[PDB]
Structure formats: structure tokens, C-alpha cells
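Working notes for the structure below.
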Amino acid sequence: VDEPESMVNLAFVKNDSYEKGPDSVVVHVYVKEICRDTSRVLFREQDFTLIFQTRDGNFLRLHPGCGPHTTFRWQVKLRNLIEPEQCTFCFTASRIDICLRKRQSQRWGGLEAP
């Protein structure tokens, strides 16, 4: 767990996203059984990458050594840059809620009142 020497790209994600308010979008990703010591986030203007380790006995047992030496990342490039300065996070026991500010603005809301 000290030497990962591995970067795995994840193809399956467990989350749900929705846009809340005029300029805000808040999502919650289900990230559990994670070695928080190794759970890192690489974020920029509009995109972010989540790299971490977890424990899945069923999967890890199928490949001896996999798991504590396996570090993987999920990358999301969000469309319409966000303002990291205004961003906040929300931690539940098994899920991670995040409040994203869509400062690049969302277009077309239908009929708007002056």
C-alpha cells in the first residue's frame, strides 16, 4: 500500500448528478471502502480526476496482490468551466456530495422573466 506502481482507469462509476439553481450543479458520488490515506483529487478549471484505492474482496482475491497495490483514477471533464474558489464538498458516511459552481453559465432555460 506504500508502493502502488499502478494507475488504473475506471470504466464504471457509481454516482448521480443534477443541476440545482441557476448557476449551480451538485452531484454525489458513491465512494466507499476507500483508503482515504491514498484518496487524492486532481482538479482544475473545468475537469477533475479522482485517484484512490478501495477494498473489494471478490475482485482482489481473483488477482493476488491486486487492491493494496492497485491505485485507480476516475476522470471527469466537466463542460463549462467552474469556479473552484466557490466550490464546496459534503461528506456522508458512504457517499460524497459535491457542490459545483457552473460559472461558465448554462444556456437556454425557456421563458425567463425580465
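Simple scheme: letters A, B, ... for chains in C-alpha cells order, numbers from 1 for residues in each chain, numbers from 1 for ligands in the order shown.
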I need the residues in chain A that are strand (DSSP E or B) according to DSSP; give them as a PyMOL selection string.
chain A and resi 8-9+15-19+24-30+34+40-43+47-52+54+72-77+88-91+95-101
Serialized selection, N, CA and C atoms, as a compact mmCIF listing (two decimals), in the first residue's frame:
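Result file follows (again_27.txt):
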```txt
# COMPACT_ATOMS: atom_id res chain seq x y z
N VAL A 8 -4.82 2.67 -12.61
CA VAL A 8 -5.93 2.04 -13.30
C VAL A 8 -6.99 3.07 -13.65
N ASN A 9 -7.49 2.99 -14.86
CA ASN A 9 -8.56 3.87 -15.30
C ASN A 9 -9.89 3.15 -15.15
N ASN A 15 -22.57 7.11 -9.19
CA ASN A 15 -22.93 8.46 -8.77
C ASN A 15 -24.24 8.89 -9.41
N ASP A 16 -24.76 10.03 -8.99
CA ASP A 16 -25.84 10.68 -9.72
C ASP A 16 -25.67 12.18 -9.66
N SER A 17 -25.92 12.84 -10.78
CA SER A 17 -25.72 14.27 -10.88
C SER A 17 -27.00 14.98 -11.29
N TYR A 18 -27.18 16.19 -10.77
CA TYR A 18 -28.24 17.06 -11.20
C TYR A 18 -27.83 18.52 -10.99
N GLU A 19 -28.45 19.40 -11.75
CA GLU A 19 -28.13 20.81 -11.68
C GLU A 19 -29.19 21.53 -10.85
N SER A 24 -25.63 26.54 -10.42
CA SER A 24 -25.03 25.50 -9.60
C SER A 24 -25.45 24.11 -10.04
N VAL A 25 -24.54 23.18 -9.83
CA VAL A 25 -24.76 21.78 -10.12
C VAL A 25 -24.15 20.94 -9.01
N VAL A 26 -24.96 20.15 -8.34
CA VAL A 26 -24.49 19.38 -7.21
C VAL A 26 -24.68 17.89 -7.45
N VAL A 27 -23.61 17.16 -7.22
CA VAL A 27 -23.57 15.74 -7.50
C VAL A 27 -23.16 14.98 -6.26
N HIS A 28 -23.54 13.71 -6.17
CA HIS A 28 -22.98 12.87 -5.13
C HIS A 28 -22.48 11.56 -5.70
N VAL A 29 -21.20 11.35 -5.52
CA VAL A 29 -20.54 10.14 -5.94
C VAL A 29 -20.50 9.15 -4.79
N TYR A 30 -20.75 7.90 -5.08
CA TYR A 30 -20.70 6.87 -4.06
C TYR A 30 -19.30 6.29 -4.02
N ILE A 34 -12.76 3.06 0.95
CA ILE A 34 -11.62 3.70 0.33
C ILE A 34 -10.51 3.96 1.34
N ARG A 40 -6.90 10.85 -3.52
CA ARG A 40 -6.48 12.18 -3.93
C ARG A 40 -7.39 12.72 -5.02
N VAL A 41 -7.45 14.04 -5.12
CA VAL A 41 -8.23 14.68 -6.16
C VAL A 41 -7.38 15.69 -6.92
N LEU A 42 -7.32 15.52 -8.23
CA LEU A 42 -6.61 16.46 -9.08
C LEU A 42 -7.65 17.25 -9.86
N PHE A 43 -7.79 18.52 -9.55
CA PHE A 43 -8.83 19.33 -10.15
C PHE A 43 -8.26 20.58 -10.79
N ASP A 47 -12.10 20.42 -15.33
CA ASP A 47 -12.00 18.97 -15.17
C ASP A 47 -11.34 18.57 -13.86
N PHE A 48 -11.63 17.34 -13.45
CA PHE A 48 -11.10 16.79 -12.21
C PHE A 48 -10.91 15.28 -12.30
N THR A 49 -9.89 14.79 -11.62
CA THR A 49 -9.58 13.37 -11.59
C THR A 49 -9.51 12.87 -10.15
N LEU A 50 -10.23 11.80 -9.87
CA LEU A 50 -10.23 11.20 -8.54
C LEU A 50 -9.44 9.90 -8.54
N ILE A 51 -8.34 9.87 -7.82
CA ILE A 51 -7.48 8.68 -7.78
C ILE A 51 -7.44 8.11 -6.36
N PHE A 52 -7.75 6.82 -6.21
CA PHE A 52 -7.84 6.23 -4.88
C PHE A 52 -7.77 4.72 -4.90
N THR A 54 -9.39 1.09 -2.93
CA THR A 54 -10.56 0.57 -2.22
C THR A 54 -10.33 -0.89 -1.86
N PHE A 72 -6.25 3.50 -8.61
CA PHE A 72 -7.03 3.82 -9.78
C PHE A 72 -7.64 5.20 -9.74
N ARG A 73 -7.92 5.72 -10.92
CA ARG A 73 -8.39 7.07 -11.07
C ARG A 73 -9.62 7.14 -11.96
N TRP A 74 -10.55 8.01 -11.60
CA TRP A 74 -11.68 8.33 -12.45
C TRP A 74 -11.61 9.80 -12.80
N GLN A 75 -11.72 10.10 -14.08
CA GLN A 75 -11.55 11.47 -14.54
C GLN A 75 -12.84 11.95 -15.17
N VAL A 76 -13.28 13.12 -14.75
CA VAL A 76 -14.41 13.77 -15.36
C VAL A 76 -14.03 15.15 -15.88
N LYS A 77 -14.14 15.36 -17.18
CA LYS A 77 -14.01 16.70 -17.72
C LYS A 77 -15.38 17.32 -17.85
N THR A 88 -17.50 23.72 -2.90
CA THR A 88 -17.55 23.12 -1.60
C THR A 88 -17.88 21.65 -1.73
N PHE A 89 -17.64 20.91 -0.67
CA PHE A 89 -17.88 19.48 -0.67
C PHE A 89 -18.70 19.10 0.54
N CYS A 90 -19.26 17.92 0.49
CA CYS A 90 -20.17 17.45 1.50
C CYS A 90 -19.98 15.95 1.69
N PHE A 91 -19.58 15.54 2.88
CA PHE A 91 -19.23 14.15 3.11
C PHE A 91 -20.26 13.43 3.95
N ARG A 95 -21.20 8.12 0.95
CA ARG A 95 -21.27 8.89 -0.28
C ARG A 95 -20.53 10.21 -0.13
N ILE A 96 -20.19 10.81 -1.25
CA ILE A 96 -19.58 12.12 -1.26
C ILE A 96 -20.43 13.09 -2.09
N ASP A 97 -20.95 14.11 -1.44
CA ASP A 97 -21.73 15.14 -2.11
C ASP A 97 -20.81 16.29 -2.46
N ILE A 98 -20.96 16.85 -3.64
CA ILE A 98 -20.15 17.99 -4.04
C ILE A 98 -21.01 19.08 -4.66
N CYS A 99 -20.75 20.33 -4.30
CA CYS A 99 -21.46 21.45 -4.88
C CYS A 99 -20.57 22.19 -5.87
N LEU A 100 -20.92 22.07 -7.15
CA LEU A 100 -20.14 22.64 -8.25
C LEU A 100 -20.80 23.90 -8.79
N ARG A 101 -19.99 24.94 -8.95
CA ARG A 101 -20.47 26.23 -9.45
C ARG A 101 -20.19 26.36 -10.94
```
Quick check for you: according to DSSP on this backbone, which residues of chain A are classed as helix (DSSP H, G or I)? Reply as a PyMOL selection string.
chain A and resi 57-62+84-86
Nearby residues (only C-alpha atoms) at most 12 Å from residue 65 of chain A, same-chain spacing under 3 positions excluded, as a PDB file with C-alpha atoms, in the first residue's frame:
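Output below, filename around-v7.pdb:
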```pdb
ATOM      1  CA  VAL A   1       0.000   0.000   0.000  1.00  0.00           C
ATOM      2  CA  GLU A   3       4.164   1.354  -3.392  1.00  0.00           C
ATOM      3  CA  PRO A   4       1.212   1.478  -5.789  1.00  0.00           C
ATOM      4  CA  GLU A   5       3.242   1.386  -9.017  1.00  0.00           C
ATOM      5  CA  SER A   6      -0.075   1.217 -10.820  1.00  0.00           C
ATOM      6  CA  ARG A  55     -11.174  -2.917  -0.858  1.00  0.00           C
ATOM      7  CA  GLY A  57     -12.554  -8.879  -1.658  1.00  0.00           C
ATOM      8  CA  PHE A  59     -12.170  -8.745  -7.170  1.00  0.00           C
ATOM      9  CA  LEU A  60      -8.873  -8.598  -5.276  1.00  0.00           C
ATOM     10  CA  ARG A  61      -8.867 -12.331  -4.496  1.00  0.00           C
ATOM     11  CA  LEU A  62      -9.102 -13.027  -8.226  1.00  0.00           C
ATOM     12  CA  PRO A  68      -3.470  -2.621  -1.800  1.00  0.00           C
ATOM     13  CA  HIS A  69      -1.035  -2.239  -4.708  1.00  0.00           C
ATOM     14  CA  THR A  70      -3.669  -1.140  -7.194  1.00  0.00           C
ATOM     15  CA  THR A  71      -4.381   2.579  -7.408  1.00  0.00           C
TER      16      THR A  71
END
```
Please compute the atom CA of residue 84 of chain A-atom CA of residue 13 of chain A distance, one decimal, in Å.
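Between these atoms lies a distance of 22.5 Å.
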